[PDB]
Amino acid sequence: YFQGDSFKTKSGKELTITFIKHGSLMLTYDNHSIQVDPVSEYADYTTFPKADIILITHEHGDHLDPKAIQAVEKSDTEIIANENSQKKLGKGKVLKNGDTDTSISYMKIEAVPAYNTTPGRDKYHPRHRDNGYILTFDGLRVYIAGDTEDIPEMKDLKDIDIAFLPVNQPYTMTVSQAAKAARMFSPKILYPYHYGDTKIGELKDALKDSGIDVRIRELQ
C-alpha cells in the first residue's frame, strides 16, 4: 500500500505520483502508466499495471534493474534512458543532456544534467554520463533530478511545478545542498527523495519561508 499525491493540470486532467522508495516513482496520467527507475528490491513490480513508459536516469543498481523492467513491461512499452543504461539493456531510446523529446503526445521529456560537484565524487556520477528529466503533462512540469549535487545548471530550470531532489550521502546532496539547489529554481512543490537514513525533516526547516512546499514521503 504505497502513498500517492494527485495534481490537476490546466485542462483538468489528473496526474498522480505514487511514491515507491528511494528514486523509484510511478506516475499515472490520463490512463497512462509511467515507471521511473523501477527497482525490484523496493516493490513487487508484477502487481503494478504495465508501463506505457519506463524512464531510467542512470545505470547504478538502485536505479537500473532489468528484473523489475521485465516484471512491469508490455510489448509496446517505450523505455527512455541515458546512453549507458540503454546499452546495458540492449533496448530503448537514448537521451543525452539537453535533448528534448516531444514524440509522446501526452508527455514532453527534457533531459537535463545530473552529476557530482564535490572533488573526488565524479567517481559516483561524472558529468554528462547521467540524466535528470523534466516531464511536462498539459503544462504541469515535474523535475526528477536523478542522482546529482547542487549543480549550477539548476539555475536554468524554469517553471517547475514539482521537483524531486536526492538527499543522501555521500552519493548525492546534504540537507543544505538540497536547500541551496531548491532556491536556485524555486519549485512550487519539493519532494526530497533518494534520502536513505538522512533526517530529512531538517529540509522543511532549512527552506522555512522559501514559499516551497517541502513534502516528506517514504522515499529513503
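Numbers follow the displayed sequence, beginning with 1.
Chemist: For the listed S210, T9, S24, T18, which has the peak Cα B-factor recorded in the PDB entry?
Modeler: So the option with the highest C-alpha B-factor is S210.
Chemist: Ranked by Cα temperature factor within the chain, is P166 in the lowest third, the middle third or the highest third?
Modeler: Middle third - that is where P166 ends up once the chain's C-alpha B-factors are sorted.
Chemist: Can you tell me which third, lowest, middle or highest, the CA B-factor of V72 falls into for its chain?
Modeler: According to the entry, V72 has a C-alpha B-factor in the chain's highest third.
Chemist: In terms of the chain's CA B-factor thirds, is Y143 lowest, middle or highest?
Modeler: Tercile = lowest for this residue's CA B-factor.
Chemist: Would you check the entry's CA temperature factor for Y42 and let me know if it's in the chain's lowest, middle or highest third?
Modeler: Highest third.
Chemist: Splitting the chain's C-alpha B-factors into thirds, which one does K13 fall into?
Modeler: Its C-alpha B-factor, which the entry lists for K13, ranks in the lowest third among residues of this chain.
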